[PDB]
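Following this are structure 1 and structure 2, which are two forms of one protein chain, each written alone as structure tokens.
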Structure 1
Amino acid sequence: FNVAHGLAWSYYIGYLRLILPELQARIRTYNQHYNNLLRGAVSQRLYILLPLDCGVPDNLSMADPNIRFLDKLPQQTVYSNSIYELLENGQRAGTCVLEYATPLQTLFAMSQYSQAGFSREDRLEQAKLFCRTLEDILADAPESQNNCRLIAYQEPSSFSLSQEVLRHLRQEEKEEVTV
């Protein structure tokens, strides 16, 4: 009995499969303004944060204060999407469309619902499974694996999410320019 299968498939079929196609161009559009104005460009990929503690806060800033909301992204000329700037020592070091995964929140709710019989150990196993399954789905999906990137991580002590995101953005740019 694995709720993570359905959660992954439903996140893809109901949300990613629909929103991603518009994206790769919507960001291309925005970067006209962004490049001309702030002398920086937004990464093309949609970054999906997958905290394995299934802890999705209301806003990204609360979890890490170096992730800072920048600007809402427009639609192609019913979905809101937020550009966040990543920070280092107060300086802008990257920008990206970055959002938490709703399925993970369901797993947290389940672990606080006693009639589920769903322990924290169960919750973590199912979070990992959600990650692996969504990976498999995007692997066989067209231009979608290319339009979005998954960032799974386990908090220990103190941890830096802005840094883990910047790792990925810098890797993405490395790829863009090399190949």
Structure 2
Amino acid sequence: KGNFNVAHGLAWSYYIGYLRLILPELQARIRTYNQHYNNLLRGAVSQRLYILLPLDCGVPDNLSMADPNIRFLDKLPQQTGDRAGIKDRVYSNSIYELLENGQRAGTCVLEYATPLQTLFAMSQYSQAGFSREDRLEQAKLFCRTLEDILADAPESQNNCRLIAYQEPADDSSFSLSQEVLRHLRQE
């Protein structure tokens, strides 16, 4: 229940401070990108933000380094907002091409859920104290709470997909692009 409270808090933080701010205008930015910059008839950027939730909270900062079949392609147009005294705080998202048998098999806006980096740290540093098994518990509850939030959130309208999975980023037999592609091909 204390792993509940931490995870509950980070999921609400993630919604209040990011998803609720960017999901309203996401499809507009994607549409702008597809109309004017990407006229590949089978290579349109898909309409949803894909959010990676590795349940071990192992979050590399470079997505491309994690898999050879993920290639960094471009950025969406930036989104700016005055926030808590910061003028023109920048919200940015990255577009990736997903490769399969040397072909561009998918194109999407893709990123990790950055709160998982905090769950990982607090299982690393004594002053936070959490167990690795706390971490794993908190990650599941984070995903579950986030799922709950998005289900009822007006800003989420077929424009966000959570991709939760157990495999480390270290793992010999796991393809991150294949994980993303399987979900993409379901829409």
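Sequence positions of structure 1, starting at 1, serve as the residue numbers. What we label the rigid core is the largest C-alpha set whose atoms superpose within 1.5 Å from one form to the other.
The two forms, fitted on the rigid core, differ between structures 1 and 2 by 2 Å or more at the CA of residue 34. Here the two forms are laid over each other by their core, and the C-alpha of residue 117 is off by 2.3 Å between structures 1 and 2. Taking the core as reference, the Cα of residue 162 moves 0.4 angstrom between structures 1 and 2.
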